[PDB]
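Down below is the structure, laid out as structure tokens.
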Amino acid sequence: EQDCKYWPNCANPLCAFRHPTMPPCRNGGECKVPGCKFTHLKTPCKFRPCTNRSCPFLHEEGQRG
Amino acid sequence: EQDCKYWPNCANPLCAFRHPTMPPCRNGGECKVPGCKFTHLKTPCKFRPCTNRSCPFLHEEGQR
RNA sequence: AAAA
RNA sequence: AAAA
Ligand SMILES: [Mg+2]
Ligand SMILES: [Mg+2]
Ligand SMILES: [Mg+2]
Ligand SMILES: [Mg+2]
Ligand SMILES: [Zn+2]
Ligand SMILES: [Zn+2]
Ligand SMILES: [Zn+2]
Ligand SMILES: [Zn+2]
Ligand SMILES: [Zn+2]
Ligand SMILES: [Zn+2]
């Protein structure tokens with residue numbers, strides 16, 4: 001099985017590539033909420049600053065705007 | 001299991017051949033960076049010259 | 001076939 | 001449901 005490279009933005013409802021079971025965490029990859037089992041991305045967010053407050057990508061300290 | 005001939009350009013989601021865990025090295029198969037453990041492709045690059053500064057395929061001194 |  |  002190969003990972004879908006488009007997830008969490010895959011537009012093919014019949015995509016045969018691997019999608020994580022759990023939806024992406026809307027707190028971002030840097031989510032520190034205890035017990036949160038949503039999928040936390042490891043891919044860094046490309047926006048500087050990022051102003052999407054439901055961005056699932058991984059942010060550094062100060063990257064949020 | 002044998003290696004995938006098509007990786008990193010394998011479009012078969014059910015591909016049985018093994019795909020390396022590490023992504024291809026952005027420096028190309030000719031990478032000389034010490035300690036670099038990204039996957040260094042062996043198959044040569046067709047583009048003469050390559051224009052992709054992140055082509056993972058193997059180049060030569062006069063393929064810039 | 002998700003605009004480099 | 002296709003990353004500003
Ligand atoms: Mg694109
Ligand atoms: Mg197109
Ligand atoms: Mg868009
Ligand atoms: Mg886009
Ligand atoms: Zn997909
Ligand atoms: Zn979370
Ligand atoms: Zn972001
Ligand atoms: Zn393959
Ligand atoms: Zn390398
Ligand atoms: Zn090349």
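Numbers restart at 1 for each chain; the letters A, B, ... are given by sequence-line order, proteins then strands.
Near RNA chain D, meaning a heavy atom under 4.0 Å away, there are no residues from residues 12-20 of chain A. Remark: A:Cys50, A:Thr51, A:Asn52, A:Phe57 in residues 50-65 of chain A come within less than 4.0 Å of RNA chain D through at least one heavy atom.
Put simply, the side chain of B:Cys25 reaches to within 4.5 Å of the side chain of B:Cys36, judged on heavy atoms. For the pair B:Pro23 and B:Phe38, the minimum side-chain heavy-atom distance is below 4.5 Å. Within the 4.5 Å cutoff, side-chain heavy atoms of B:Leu41 are placed close to those of B:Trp7. Between B:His19 and B:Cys10 the shortest side-chain heavy-atom distance falls below 4.5 Å.
For A:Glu60, the side chain to side chain donor-acceptor pair (under 3.5 Å) partners at least two apart in sequence or on another chain are A:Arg48. With sequence neighbours excluded, no residue satisfies side chain to side chain contact (heavy atoms under 4.5 Å, CB included) with B:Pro44.
With rounding to whole Å, A:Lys5 atom NZ is found 12 Å from C:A4 atom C1'. Rounded to a whole Å, the NZ atom of A:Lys42 is 23 Å from the P atom of D:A3.
No engagement by A:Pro23 is indicated, since no non-hydrogen atom pair under 4.0 Å with the nucleic acid exists. Note on A:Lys46: a base of the nucleic acid sits closer than 4.0 angstrom, heavy atoms only.
Base orientation for D:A1: anti, the chi torsion being more than 90° from 0.
Counting only residues at least two apart or in different chains, salt bridge (charged side-chain N to carboxylate O under 4.0 Å, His left out) contacts with residues 5-30 of chain B comprise B:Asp3-B:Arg18.
Its side chain outside the 4.5 Å cluster rule for every partner, B:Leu58 clusters with none of the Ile, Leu, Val, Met, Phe, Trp and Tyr residues.
Taking a centre distance below 5.5 Å and an interplanar angle below 30 degrees as the stacking criterion, A:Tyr6 does not stack against the six-membered base ring of D:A2.
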